[PDB]
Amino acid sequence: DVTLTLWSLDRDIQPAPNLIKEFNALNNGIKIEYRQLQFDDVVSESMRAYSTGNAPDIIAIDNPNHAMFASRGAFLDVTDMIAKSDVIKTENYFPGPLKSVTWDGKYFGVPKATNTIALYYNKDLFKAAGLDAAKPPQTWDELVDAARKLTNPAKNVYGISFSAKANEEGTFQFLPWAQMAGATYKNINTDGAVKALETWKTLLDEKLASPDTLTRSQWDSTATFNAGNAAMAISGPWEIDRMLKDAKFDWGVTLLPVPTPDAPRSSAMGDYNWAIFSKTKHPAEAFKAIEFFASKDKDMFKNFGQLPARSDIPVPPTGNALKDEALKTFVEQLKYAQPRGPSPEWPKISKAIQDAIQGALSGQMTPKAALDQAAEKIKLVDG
């Protein structure tokens, strides 16, 4: 057999290792050995590996990181193999995800999936508080008021759960709020972005969200929602299958509330891309593996609750009512997602945003000072 290696953050029950097990069973002359990364290690360490000669054949890389590797020659140019493919077609892909694998008019990967975040809510806790579970919050004011009503320390419940962690989690969580109020990562210190960061301060200052929001991932925050310890959760479709298993209450999911009535919806484009490292000894076999993964995209939602990065295969209902309502919401919010980048310096941009979030939420800097400092850094690095 040709033996390939593949690195991803996907947990044992998420797509990558399960796709690998199905692929290996084909006995097609190719085998894949999986290594699970940690979220926080996929990047500067996979760059270390590439630079030393320790890189795998294949990686699933977060979409905003793709340009760093592609621009540096770390990823294989798959343009010709895509053109020849009878399985992968570039016109199948949503334009944002496709753009994220491109550099200088060449393809340097194939999108794996796509997502964005939305607002989960526990309808039983809404009802118990005298709230209308059929009318979840539409604006930031309504969201904050609901979160106040739902915050009940005597019952071990926070009104809301989210993530402000000092890594890509916090940036991905924050950008939607800043964008809805008219800012972007290229202009992150507008009065609207300040208002977004003030609103986060309110959530923490009034103890409507756990203080662990500052250090806790989206996944670990949503676990608290699933357990009934937070009445609402801002997170992605990657939560659905676990929530179905673990949440023992009635729940819904809706679009992210907007800053003023009928202000624009907005969020950030999530999820990963497949890429082949440039010095692979097995480019054809690695690409065959990615063709196989792409061939399974049609089953991704039903089997894993994640969303393909493709317009050719709109996701059908599963038949589970909760899951199908979540699908409708995520499909609708995704229509408002904006890309982080393209930028080969995304991590530096993101770090500037992370530091502003931490500076303001900790009370060390005002929101305005914090975001002014981020914007100055971004102006330099995004040049």
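Residue positions are given as counts along the sequence shown, with the first one as 1. C-alpha atoms forming the largest set that superposes within 1.5 Å between two forms make up the rigid core.
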Between 150-158 and 257-265, report the one with more C-alpha displacement in 4 other deposited structures of this protein relative to this form after a rigid core superposition.
-> 257-265
Outlying stretch relative to shown form, 242-250 versus 103-111 in 4 other deposited structures of this protein, C-alpha RMS (core) = 103-111
Going by the average Cα B-factor in the PDB entry, point out whether 57-65 or 34-42 comes out higher.
-> 34-42
Would 136-144 or 81-89 have the larger average of its C-alpha temperature factors, as given in the entry?
-> 81-89
So among 171, 260, 115, 163, who wins on Cα B-factor in the entry?
-> 260
Using the entry's values, work out which of 129, 256, 253, 233 has the largest Cα B factor.
-> 129
Is the Cα B-factor recorded for residue 329 in the lowest, middle or highest third of its chain?
-> lowest
Chain-relative C-alpha B factor for residue 351 (record values, thirds): the middle
Mind checking which third residue 240 falls in for C-alpha B-factor across the chain?
-> lowest
Compared with the other modelled residues in the chain, in which third is the CA B-factor of residue 100?
-> middle
Select lowest, middle or highest to describe the third in which the CA B-factor of residue 125 falls within its chain in this entry.
-> middle
